[PDB]
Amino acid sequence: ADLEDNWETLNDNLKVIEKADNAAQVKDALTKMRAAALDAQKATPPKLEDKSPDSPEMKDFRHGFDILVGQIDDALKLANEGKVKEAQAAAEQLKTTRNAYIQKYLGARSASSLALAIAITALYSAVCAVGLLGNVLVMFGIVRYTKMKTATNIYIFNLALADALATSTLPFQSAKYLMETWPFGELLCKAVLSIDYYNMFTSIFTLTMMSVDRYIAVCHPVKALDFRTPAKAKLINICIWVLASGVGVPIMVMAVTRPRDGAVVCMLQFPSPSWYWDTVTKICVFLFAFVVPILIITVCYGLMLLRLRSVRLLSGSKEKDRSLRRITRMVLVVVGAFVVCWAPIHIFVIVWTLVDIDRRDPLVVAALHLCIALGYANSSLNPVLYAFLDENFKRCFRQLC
């Protein structure tokens, strides 16, 4: 909204007036405050939202700004006469008046803001339910059944684990959005934030390795016998988690809970200068957990197209050939679904971080949160893709229901 901005500019210029050498600074600050004040007076504060413009509460609210403006005018009169310190003193009085008579009306979130929290809570809940149940089923199926122990399925186990973990955090994140605070302590704050990064890194790294596995199964059938075993897949899974802990561990450490503006926030506290390391991390995340892995996957499939399209006998049997081909198609589809789901938020974050966009615009904030939600949706979508695209997962699904 405009009100919160106008209110921020009032505060910011009061601080300018406190530490000011000369009357020009004071006059300029006061004049800006007056424009903000007049603008603020035209708003409907969240606490009086959908109340009549001519209601007692609205009249009183507007009246408070007539008083502020009157005081800004007196302070400005003084500043124009050269009387800096008296103007500074007069401005200290605004702060009192403002707090004593206008403060009450500001504070709350708007209905639109609460609407957003409810919609997010709705989506996160649906995602959590389908995602958590779905991936726990996949993991149970892979362990429980002999026929499931395959190199490709061990990789899938790793995706399901990352997705199970990621979706388990959503109810806590939902609660935060509804309550506008973090009531779960620091340890669970550390857990939720680091799990977010683990999901992103372990997932794409695993999809990269599934693409490489497929590349080897198709273009190097003889060497594939050497490389493509369940045990080695498991080994690569572990390596993926170890490697991803290069980002995961720092995040555990930097994740803290702090009291701020009457709430507890769970946040990442980067070392000084915070803005610099925050931005280094974001560009690193974007490159090493999205762009570079996608190049590798693209290359792997590019080289596979030469053999997949321009041949007929890949293996020495009909059953194996079609089995090698559909598993390869599944991996591409799972990869595709991952990129579609994650690309929007990843682009948004870079734009949000680097470009001067209106970060308080209702539409931008709605779109952003939709894009964040789409990233999590990937986790609930994947179990359904395995059921749709793979013979043994369909049979495992049907045996359950």
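Start at 1 and count along the sequence shown; that's the residue number.
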Ranked by mean Cα B-factor in the entry, 64-72 and 356-364, top stretch is 356-364
Comparing 249-257 with 270-278, which has the greater mean CA B-factor as deposited?
-> 270-278
Of the options 78, 243, 165, 314, which has the highest CA B factor as deposited?
-> 314
Kindly indicate the residue among 171, 230, 185, 107 with the greatest C-alpha B-factor in the PDB record.
-> 107
Which third, lowest, middle or highest, does the CA B-factor of residue 210 fall in along this chain?
-> middle
Classify residue 336 as lowest, middle or highest third according to the C-alpha B-factor given in the PDB entry, relative to its own chain.
-> middle
Assigned third (lowest, middle, highest) for the C-alpha B factor of residue 50 = middle
Position of residue 9 among the chain's modelled residues by C-alpha B-factor, lowest, middle or highest third | middle
Tell me, lowest, middle or highest third: where does the Cα B factor of residue 234 rank within its chain?
-> lowest
